[PDB]
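Colleague: Contents of work_27.csv (CSV, C-alpha atoms) are below:
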chain,number,residue,atom,x,y,z
A,1,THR,CA,108.9,77.7,109.5
A,2,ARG,CA,110.0,77.7,105.8
A,3,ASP,CA,106.6,77.2,104.1
A,4,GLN,CA,105.2,80.4,102.7
A,5,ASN,CA,102.3,78.8,100.8
A,6,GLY,CA,99.1,80.8,100.7
A,7,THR,CA,97.2,83.9,99.8
A,8,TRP,CA,98.5,86.9,101.8
A,9,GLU,CA,96.9,90.4,102.0
A,10,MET,CA,98.9,93.4,103.0
A,11,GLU,CA,98.2,94.9,106.4
A,12,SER,CA,101.0,97.4,106.6
A,13,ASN,CA,103.4,99.2,104.3
A,14,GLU,CA,105.9,101.7,105.8
A,15,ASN,CA,108.3,103.9,103.9
A,16,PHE,CA,107.1,102.7,100.5
A,17,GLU,CA,107.7,106.2,99.2
A,18,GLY,CA,111.3,106.4,100.2
A,19,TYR,CA,112.0,103.0,98.7
A,20,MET,CA,110.3,104.1,95.5
A,21,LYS,CA,112.1,107.5,95.4
A,22,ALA,CA,115.4,105.6,95.8
A,23,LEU,CA,114.5,103.7,92.6
A,24,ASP,CA,113.7,107.0,90.7
A,25,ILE,CA,110.0,106.2,90.2
A,26,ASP,CA,108.4,109.4,89.1
A,27,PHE,CA,106.2,111.5,91.4
A,28,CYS,CA,103.0,110.7,89.6
A,29,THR,CA,103.4,106.9,89.8
A,30,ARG,CA,104.5,107.2,93.4
A,31,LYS,CA,101.3,109.1,94.4
A,32,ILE,CA,99.1,106.4,93.0
A,33,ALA,CA,101.2,103.4,94.2
A,34,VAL,CA,101.2,104.4,97.9
A,35,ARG,CA,97.4,104.2,98.3
A,36,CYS,CA,97.3,100.6,97.0
A,37,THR,CA,97.0,97.3,98.8
A,38,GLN,CA,98.7,94.2,97.6
A,39,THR,CA,97.6,90.5,97.6
A,40,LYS,CA,100.3,87.9,97.3
A,41,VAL,CA,99.6,84.3,96.3
A,42,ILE,CA,102.6,82.1,97.0
A,43,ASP,CA,102.9,78.6,95.6
A,44,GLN,CA,106.0,76.8,96.9
A,45,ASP,CA,107.3,73.3,96.4
A,46,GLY,CA,110.6,72.6,98.1
A,47,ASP,CA,112.8,75.4,96.8
A,48,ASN,CA,110.8,76.2,93.7
A,49,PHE,CA,108.7,79.4,94.2
A,50,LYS,CA,105.8,80.9,92.1
A,51,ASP,CA,104.5,84.3,93.3
A,52,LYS,CA,101.6,86.2,91.9
A,53,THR,CA,101.1,89.8,93.2
A,54,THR,CA,98.1,92.1,92.5
A,55,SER,CA,97.7,95.7,93.6
A,56,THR,CA,94.2,97.0,94.5
A,57,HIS,CA,92.7,100.4,95.3
A,58,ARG,CA,89.2,100.7,96.7
A,59,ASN,CA,87.5,103.8,95.2
A,60,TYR,CA,85.0,105.5,97.4
A,61,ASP,CA,81.4,104.3,97.7
A,62,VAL,CA,78.5,106.1,95.9
A,63,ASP,CA,75.1,105.8,97.5
A,64,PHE,CA,72.1,107.4,95.8
A,65,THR,CA,68.3,107.0,95.4
A,66,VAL,CA,66.7,107.0,92.0
A,67,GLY,CA,64.9,110.4,91.6
A,68,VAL,CA,66.8,112.3,94.3
A,69,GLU,CA,69.5,114.6,93.0
A,70,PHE,CA,72.7,114.2,95.0
A,71,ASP,CA,76.1,115.8,95.2
A,72,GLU,CA,79.0,113.7,94.0
A,73,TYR,CA,82.8,114.3,94.0
A,74,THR,CA,84.4,112.2,91.4
A,75,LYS,CA,87.7,111.7,93.2
A,76,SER,CA,88.4,108.4,91.6
A,77,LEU,CA,88.9,110.4,88.4
A,78,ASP,CA,89.0,114.2,87.8
A,79,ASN,CA,87.9,115.1,91.4
A,80,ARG,CA,85.3,117.6,90.4
A,81,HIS,CA,82.0,118.4,91.9
A,82,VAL,CA,78.9,117.4,89.9
A,83,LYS,CA,75.1,117.4,90.7
A,84,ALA,CA,74.0,113.9,89.7
A,85,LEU,CA,70.4,112.8,89.0
A,86,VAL,CA,69.5,109.1,88.4
A,87,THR,CA,66.3,107.9,86.8
A,88,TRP,CA,65.0,104.8,85.2
A,89,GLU,CA,64.4,104.7,81.4
A,90,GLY,CA,62.8,101.3,81.2
A,91,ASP,CA,65.2,99.0,82.9
A,92,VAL,CA,68.2,101.3,82.0
A,93,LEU,CA,69.5,103.4,84.8
A,94,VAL,CA,70.4,106.9,83.5
A,95,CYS,CA,72.5,109.5,85.3
A,96,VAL,CA,73.1,113.1,84.2
A,97,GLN,CA,76.1,114.7,85.9
A,98,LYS,CA,75.6,118.5,85.9
A,99,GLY,CA,78.9,120.3,86.3
A,100,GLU,CA,81.6,122.0,84.4
A,101,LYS,CA,81.9,119.3,81.7
A,102,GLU,CA,79.1,119.3,79.1
A,103,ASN,CA,77.1,116.2,78.3
A,104,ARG,CA,78.5,114.2,81.3
A,105,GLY,CA,76.6,111.2,82.4
A,106,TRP,CA,76.4,107.4,82.3
A,107,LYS,CA,73.9,104.6,81.6
A,108,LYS,CA,73.8,101.2,83.3
A,109,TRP,CA,71.7,98.1,82.5
A,110,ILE,CA,71.6,94.3,82.6
A,111,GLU,CA,71.4,92.1,79.5
A,112,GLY,CA,71.8,88.5,80.4
A,113,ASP,CA,74.5,87.8,82.9
A,114,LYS,CA,76.3,90.9,81.8
A,115,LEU,CA,76.1,94.5,83.1
A,116,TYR,CA,76.6,97.3,80.7
A,117,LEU,CA,78.0,100.7,81.6
A,118,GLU,CA,78.2,103.5,79.1
A,119,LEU,CA,80.2,106.6,80.3
A,120,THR,CA,79.9,109.8,78.3
A,121,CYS,CA,81.7,113.1,78.5
A,122,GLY,CA,81.4,115.6,75.7
A,123,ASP,CA,81.8,113.7,72.5
A,124,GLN,CA,83.6,110.7,74.0
A,125,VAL,CA,81.8,107.5,74.9
A,126,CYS,CA,83.4,104.7,76.9
A,127,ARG,CA,81.8,101.3,77.1
A,128,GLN,CA,82.4,98.8,79.8
A,129,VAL,CA,81.0,95.3,80.2
A,130,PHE,CA,80.9,93.3,83.4
A,131,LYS,CA,80.1,89.6,84.0
A,132,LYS,CA,78.5,88.4,87.2
A,133,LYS,CA,81.1,86.7,89.3
B,1,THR,CA,65.3,93.3,84.5
B,2,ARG,CA,65.9,96.2,87.0
B,3,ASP,CA,67.9,94.3,89.7
B,4,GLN,CA,71.6,94.9,89.5
B,5,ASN,CA,72.5,93.3,92.8
B,6,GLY,CA,75.8,91.4,92.8
B,7,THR,CA,79.5,91.4,92.4
B,8,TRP,CA,80.6,92.2,88.9
B,9,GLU,CA,84.0,92.0,87.3
B,10,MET,CA,85.0,93.9,84.2
B,11,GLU,CA,85.5,91.9,81.0
B,12,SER,CA,85.9,94.7,78.5
B,13,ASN,CA,86.7,98.5,78.7
B,14,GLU,CA,86.8,100.3,75.3
B,15,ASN,CA,87.9,104.0,74.8
B,16,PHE,CA,88.6,104.5,78.5
B,17,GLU,CA,91.5,106.7,77.3
B,18,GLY,CA,89.4,109.1,75.3
B,19,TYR,CA,86.9,109.4,78.1
B,20,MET,CA,89.7,110.2,80.5
B,21,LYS,CA,91.4,112.7,78.2
B,22,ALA,CA,88.0,114.4,77.8
B,23,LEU,CA,88.0,114.9,81.6
B,24,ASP,CA,91.6,116.3,81.6
B,25,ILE,CA,93.2,113.5,83.6
B,26,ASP,CA,96.9,113.8,83.2
B,27,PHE,CA,99.0,111.5,81.0
B,28,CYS,CA,100.7,109.7,83.9
B,29,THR,CA,97.4,108.8,85.6
B,30,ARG,CA,95.8,107.7,82.3
B,31,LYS,CA,98.8,105.3,81.5
B,32,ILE,CA,98.2,103.5,84.8
B,33,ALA,CA,94.4,103.5,84.8
B,34,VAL,CA,94.0,101.9,81.4
B,35,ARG,CA,95.8,98.6,82.5
B,36,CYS,CA,93.4,98.1,85.5
B,37,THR,CA,90.4,95.9,85.9
B,38,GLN,CA,87.4,96.9,88.0
B,39,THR,CA,85.2,94.9,90.4
B,40,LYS,CA,81.8,96.4,91.2
B,41,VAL,CA,79.7,95.3,94.2
B,42,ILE,CA,76.2,96.5,93.8
B,43,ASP,CA,73.7,96.4,96.7
B,44,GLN,CA,70.2,97.6,95.7
B,45,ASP,CA,66.9,97.8,97.6
B,46,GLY,CA,64.1,99.2,95.5
B,47,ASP,CA,65.5,102.5,94.4
B,48,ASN,CA,68.3,102.9,96.9
B,49,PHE,CA,71.7,102.0,95.5
B,50,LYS,CA,75.0,101.3,97.2
B,51,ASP,CA,78.0,100.7,94.9
B,52,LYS,CA,81.6,99.8,95.8
B,53,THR,CA,84.2,99.8,93.1
B,54,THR,CA,87.8,98.6,93.4
B,55,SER,CA,90.5,98.8,90.7
B,56,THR,CA,93.0,96.0,90.4
B,57,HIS,CA,96.3,95.4,88.4
B,58,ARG,CA,98.0,92.0,88.3
B,59,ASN,CA,101.7,92.4,88.3
B,60,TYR,CA,103.7,89.8,86.5
B,61,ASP,CA,104.6,86.5,88.1
B,62,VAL,CA,108.1,85.8,89.5
B,63,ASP,CA,109.2,82.2,89.5
B,64,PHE,CA,112.6,81.2,90.9
B,65,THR,CA,114.4,78.4,92.6
B,66,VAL,CA,116.4,78.9,95.8
B,67,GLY,CA,120.1,78.8,94.8
B,68,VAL,CA,119.7,79.4,91.1
B,69,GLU,CA,120.5,83.0,90.0
B,70,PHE,CA,117.8,84.3,87.6
B,71,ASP,CA,117.2,87.3,85.5
B,72,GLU,CA,114.4,89.6,86.6
B,73,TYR,CA,112.9,92.6,85.0
B,74,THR,CA,111.1,94.7,87.7
B,75,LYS,CA,108.5,96.1,85.4
B,76,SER,CA,106.0,96.5,88.2
B,77,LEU,CA,108.3,99.3,89.5
B,78,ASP,CA,111.4,100.9,87.9
B,79,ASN,CA,111.5,98.4,84.9
B,80,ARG,CA,115.2,97.6,85.2
B,81,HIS,CA,117.2,94.5,84.7
B,82,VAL,CA,118.7,92.8,87.8
B,83,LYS,CA,120.4,89.5,88.4
B,84,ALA,CA,118.7,88.0,91.4
B,85,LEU,CA,119.9,85.3,93.8
B,86,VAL,CA,117.7,83.8,96.5
B,87,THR,CA,119.0,81.8,99.4
B,88,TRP,CA,117.8,80.6,102.8
B,89,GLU,CA,119.3,82.3,105.9
B,90,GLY,CA,117.6,80.0,108.5
B,91,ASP,CA,113.9,80.3,107.6
B,92,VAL,CA,114.4,83.8,106.1
B,93,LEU,CA,114.5,84.0,102.3
B,94,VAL,CA,117.1,86.5,101.2
B,95,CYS,CA,117.4,88.0,97.7
B,96,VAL,CA,120.3,90.1,96.4
B,97,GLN,CA,119.3,92.0,93.2
B,98,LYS,CA,122.6,92.7,91.3
B,99,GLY,CA,122.1,95.7,89.0
B,100,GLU,CA,122.6,99.4,88.6
B,101,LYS,CA,121.2,100.3,92.1
B,102,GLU,CA,123.5,99.4,95.0
B,103,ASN,CA,122.4,97.4,98.0
B,104,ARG,CA,119.2,96.3,96.3
B,105,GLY,CA,117.5,93.2,97.7
B,106,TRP,CA,114.7,91.9,99.9
B,107,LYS,CA,114.1,89.5,102.8
B,108,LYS,CA,110.9,87.5,103.4
B,109,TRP,CA,109.9,85.3,106.4
B,110,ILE,CA,106.9,84.0,108.3
B,111,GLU,CA,106.4,84.8,112.0
B,112,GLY,CA,103.0,83.5,113.2
B,113,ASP,CA,100.2,84.1,110.7
B,114,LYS,CA,102.1,87.1,109.3
B,115,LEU,CA,104.5,87.2,106.4
B,116,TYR,CA,107.2,89.9,106.6
B,117,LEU,CA,108.8,91.5,103.6
B,118,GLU,CA,111.7,93.9,103.9
B,119,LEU,CA,112.7,95.7,100.7
B,120,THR,CA,116.0,97.5,100.5
B,121,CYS,CA,117.5,99.9,98.0
B,122,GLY,CA,120.5,102.0,98.9
B,123,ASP,CA,119.9,103.4,102.4
B,124,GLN,CA,116.1,103.1,102.1
B,125,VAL,CA,114.2,100.3,103.8
B,126,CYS,CA,110.6,99.5,103.2
B,127,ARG,CA,108.7,97.1,105.5
B,128,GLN,CA,105.5,95.3,104.6
B,129,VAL,CA,103.4,92.9,106.7
B,130,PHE,CA,100.9,90.5,105.2
B,131,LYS,CA,98.3,88.4,107.1
B,132,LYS,CA,97.2,85.0,105.8
B,133,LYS,CA,93.7,85.4,104.2
The structure in this file should be written as structure tokens.

Modeller:
Amino acid sequence: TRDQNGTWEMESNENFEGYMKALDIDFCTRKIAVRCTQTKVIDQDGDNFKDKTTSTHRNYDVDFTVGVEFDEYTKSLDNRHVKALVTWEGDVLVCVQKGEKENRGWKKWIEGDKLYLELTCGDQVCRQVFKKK
Amino acid sequence: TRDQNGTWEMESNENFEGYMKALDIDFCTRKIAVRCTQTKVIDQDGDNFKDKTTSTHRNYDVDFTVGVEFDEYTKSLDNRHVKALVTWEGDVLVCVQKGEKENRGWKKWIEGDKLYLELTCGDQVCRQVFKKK
């Protein structure tokens, strides 16, 4: 049939690299693009089409227990090995990431319907806010 | 409170570039990472945590009408300008993308609960399959 209405999620994606190389996309973009999945939302009325695509990558899971130092490989970022230790400071979850980089850690806490995440490395602080979906 | 259970979607992300530069992530990865959103699914029981993060980028929408040639900028890929023309071949939607690259187009059709997408550029064919979610 001719109706392509719906939300579609990618199952399979073959030779995406050759296609991208043929368009002269640089090596560093290609390396990231090939490990993504796509969702496609198609709204169609007669012969008018609206298409919204989003690309997604699932980083690896982290499982830990507060108080037990664990080994973590940050392969969603710099792919280094750090010894991480997570503890409560009040209701703030605090993690020190012992490794090559000095002063590497993060803090995580709930205030209202928002989750706050402060990432630190050296002198640089990154601040992320999440809302409950 | 101490319970961080839930699905969380990022609202705000400040100084992600400085944090990443401090970890020596290369310029090309940083350029892509900073335009992503994150979803965080937190399962917590007492002091045991399981965290699943996924990064998402929403490509731009394409709207067209079958039979009306339209101007398209492929900024989710090589960011070139092409004159696109979409027509039915039976129940297969066929697009020719007139531009610098020769033999650039795609075909899209439904067979069962699967949507098929064949992307072509020069000699290279990429084949994607989507299932209805």

Colleague: When you get a sec, could you note down which chain B residues fall within 7 Å of chain A, using only C-alpha atoms, as a PyMOL selection string?

Modeller: chain B and resi 1-2+4+6-16+18-19+22-23+25+28+47-66+78+91+110+121-122+124-133

Colleague: As an exercise, work out the distance from CA of residue 95 in chain B to CA of residue 34 in chain A in Å and give it to one decimal place.

Modeller: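 Between CA of residue 95 in chain B and CA of residue 34 in chain A the gap is 23.1 Å.
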
Colleague: If you measure from CA of residue 81 in chain A to CA of residue 107 in chain A, what distance in Å do you get, rounded to one decimal?

Modeller: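 For CA of residue 81 in chain A relative to CA of residue 107 in chain A, the distance reads 19.0 Å.
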
Colleague: Measure the distance from CA of residue 74 in chain B to CA of residue 94 in chain B in Å and round it to one decimal.

Modeller: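 For CA of residue 74 in chain B relative to CA of residue 94 in chain B, the distance reads 16.9 Å.
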
Colleague: If we count all atoms listed in the file and set the cut-off at 8 Å, which residues sit around residue 96 in chain B, ignoring sequence neighbours fewer than 3 positions away in its own chain? Please answer as a ChimeraX atom specification.

Modeller: /B:84-86,103-106

Colleague: Mind writing the picked residues with C-alpha atoms as a PDB file, in the coordinates of the input?

Modeller:
ATOM      1  CA  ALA B  84     118.700  88.000  91.400  1.00  0.00           C
ATOM      2  CA  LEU B  85     119.900  85.300  93.800  1.00  0.00           C
ATOM      3  CA  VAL B  86     117.700  83.800  96.500  1.00  0.00           C
ATOM      4  CA  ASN B 103     122.400  97.400  98.000  1.00  0.00           C
ATOM      5  CA  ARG B 104     119.200  96.300  96.300  1.00  0.00           C
ATOM      6  CA  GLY B 105     117.500  93.200  97.700  1.00  0.00           C
ATOM      7  CA  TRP B 106     114.700  91.900  99.900  1.00  0.00           C
TER       8      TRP B 106
END

Colleague: Would you kindly return, as a PyMOL selection string, each protein, DNA or RNA residue with an atom no farther than 10 Å from any atom of residue 83 in chain B, considering all atoms listed in the file and excluding same-chain residues fewer than 6 positions away?

Modeller: chain B and resi 69-73+95-99

Colleague: Could you write range 108-133 of chain B as a PDB file, in the frame of the given file, with N, CA and C atoms rebuilt where they are missing?

Modeller:
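In the end it all went to selection.pdb:
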ATOM      1  N   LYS B 108     112.297  87.908 103.262  1.00  0.00           N
ATOM      2  CA  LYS B 108     110.900  87.500 103.400  1.00  0.00           C
ATOM      3  C   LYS B 108     110.889  86.319 104.410  1.00  0.00           C
ATOM      4  N   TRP B 109     109.989  86.401 105.399  1.00  0.00           N
ATOM      5  CA  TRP B 109     109.900  85.300 106.400  1.00  0.00           C
ATOM      6  C   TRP B 109     108.538  85.328 107.066  1.00  0.00           C
ATOM      7  N   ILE B 110     108.193  84.172 107.637  1.00  0.00           N
ATOM      8  CA  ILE B 110     106.900  84.000 108.300  1.00  0.00           C
ATOM      9  C   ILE B 110     107.182  84.053 109.833  1.00  0.00           C
ATOM     10  N   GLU B 111     106.365  84.839 110.537  1.00  0.00           N
ATOM     11  CA  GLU B 111     106.400  84.800 112.000  1.00  0.00           C
ATOM     12  C   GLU B 111     104.926  84.842 112.487  1.00  0.00           C
ATOM     13  N   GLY B 112     104.419  83.670 112.870  1.00  0.00           N
ATOM     14  CA  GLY B 112     103.000  83.500 113.200  1.00  0.00           C
ATOM     15  C   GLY B 112     102.170  83.330 111.982  1.00  0.00           C
ATOM     16  N   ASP B 113     101.010  83.995 111.929  1.00  0.00           N
ATOM     17  CA  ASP B 113     100.200  84.100 110.700  1.00  0.00           C
ATOM     18  C   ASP B 113     100.516  85.265 109.848  1.00  0.00           C
ATOM     19  N   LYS B 114     101.664  85.894 110.075  1.00  0.00           N
ATOM     20  CA  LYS B 114     102.100  87.100 109.300  1.00  0.00           C
ATOM     21  C   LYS B 114     103.298  86.740 108.485  1.00  0.00           C
ATOM     22  N   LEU B 115     103.332  87.318 107.295  1.00  0.00           N
ATOM     23  CA  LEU B 115     104.500  87.200 106.400  1.00  0.00           C
ATOM     24  C   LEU B 115     105.111  88.617 106.370  1.00  0.00           C
ATOM     25  N   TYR B 116     106.420  88.661 106.592  1.00  0.00           N
ATOM     26  CA  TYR B 116     107.200  89.900 106.600  1.00  0.00           C
ATOM     27  C   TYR B 116     108.031  90.003 105.377  1.00  0.00           C
ATOM     28  N   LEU B 117     108.086  91.212 104.829  1.00  0.00           N
ATOM     29  CA  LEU B 117     108.800  91.500 103.600  1.00  0.00           C
ATOM     30  C   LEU B 117     109.565  92.821 103.856  1.00  0.00           C
ATOM     31  N   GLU B 118     110.890  92.770 103.787  1.00  0.00           N
ATOM     32  CA  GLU B 118     111.700  93.900 103.900  1.00  0.00           C
ATOM     33  C   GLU B 118     112.395  94.188 102.577  1.00  0.00           C
ATOM     34  N   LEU B 119     112.110  95.330 101.972  1.00  0.00           N
ATOM     35  CA  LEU B 119     112.700  95.700 100.700  1.00  0.00           C
ATOM     36  C   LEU B 119     113.749  96.769 100.942  1.00  0.00           C
ATOM     37  N   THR B 120     114.906  96.608 100.314  1.00  0.00           N
ATOM     38  CA  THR B 120     116.000  97.500 100.500  1.00  0.00           C
ATOM     39  C   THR B 120     116.509  98.020  99.177  1.00  0.00           C
ATOM     40  N   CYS B 121     116.870  99.293  99.134  1.00  0.00           N
ATOM     41  CA  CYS B 121     117.500  99.900  98.000  1.00  0.00           C
ATOM     42  C   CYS B 121     118.335 101.054  98.505  1.00  0.00           C
ATOM     43  N   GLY B 122     119.656 100.964  98.368  1.00  0.00           N
ATOM     44  CA  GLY B 122     120.500 102.000  98.900  1.00  0.00           C
ATOM     45  C   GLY B 122     120.375 102.018 100.432  1.00  0.00           C
ATOM     46  N   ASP B 123     120.125 103.221 100.936  1.00  0.00           N
ATOM     47  CA  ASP B 123     119.900 103.400 102.400  1.00  0.00           C
ATOM     48  C   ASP B 123     118.434 103.236 102.768  1.00  0.00           C
ATOM     49  N   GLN B 124     117.512 103.087 101.819  1.00  0.00           N
ATOM     50  CA  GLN B 124     116.100 103.100 102.100  1.00  0.00           C
ATOM     51  C   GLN B 124     115.557 101.706 102.385  1.00  0.00           C
ATOM     52  N   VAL B 125     114.863 101.526 103.503  1.00  0.00           N
ATOM     53  CA  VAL B 125     114.200 100.300 103.800  1.00  0.00           C
ATOM     54  C   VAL B 125     112.743 100.451 103.886  1.00  0.00           C
ATOM     55  N   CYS B 126     112.015  99.578 103.194  1.00  0.00           N
ATOM     56  CA  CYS B 126     110.600  99.500 103.200  1.00  0.00           C
ATOM     57  C   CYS B 126     110.142  98.227 103.869  1.00  0.00           C
ATOM     58  N   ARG B 127     109.154  98.295 104.750  1.00  0.00           N
ATOM     59  CA  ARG B 127     108.700  97.100 105.500  1.00  0.00           C
ATOM     60  C   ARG B 127     107.239  96.902 105.306  1.00  0.00           C
ATOM     61  N   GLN B 128     106.913  95.706 104.824  1.00  0.00           N
ATOM     62  CA  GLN B 128     105.500  95.300 104.600  1.00  0.00           C
ATOM     63  C   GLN B 128     105.191  94.073 105.395  1.00  0.00           C
ATOM     64  N   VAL B 129     103.969  94.057 105.914  1.00  0.00           N
ATOM     65  CA  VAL B 129     103.400  92.900 106.700  1.00  0.00           C
ATOM     66  C   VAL B 129     102.178  92.444 105.971  1.00  0.00           C
ATOM     67  N   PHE B 130     102.057  91.125 105.808  1.00  0.00           N
ATOM     68  CA  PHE B 130     100.900  90.500 105.200  1.00  0.00           C
ATOM     69  C   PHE B 130     100.274  89.521 106.254  1.00  0.00           C
ATOM     70  N   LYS B 131      98.943  89.425 106.295  1.00  0.00           N
ATOM     71  CA  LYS B 131      98.300  88.400 107.100  1.00  0.00           C
ATOM     72  C   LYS B 131      97.722  87.344 106.134  1.00  0.00           C
ATOM     73  N   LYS B 132      97.679  86.107 106.607  1.00  0.00           N
ATOM     74  CA  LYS B 132      97.200  85.000 105.800  1.00  0.00           C
ATOM     75  C   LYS B 132      95.650  85.182 105.670  1.00  0.00           C
ATOM     76  N   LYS B 133      95.147  85.177 104.439  1.00  0.00           N
ATOM     77  CA  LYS B 133      93.700  85.400 104.200  1.00  0.00           C
ATOM     78  C   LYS B 133      92.969  84.070 104.208  1.00  0.00           C
TER      79      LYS B 133
END
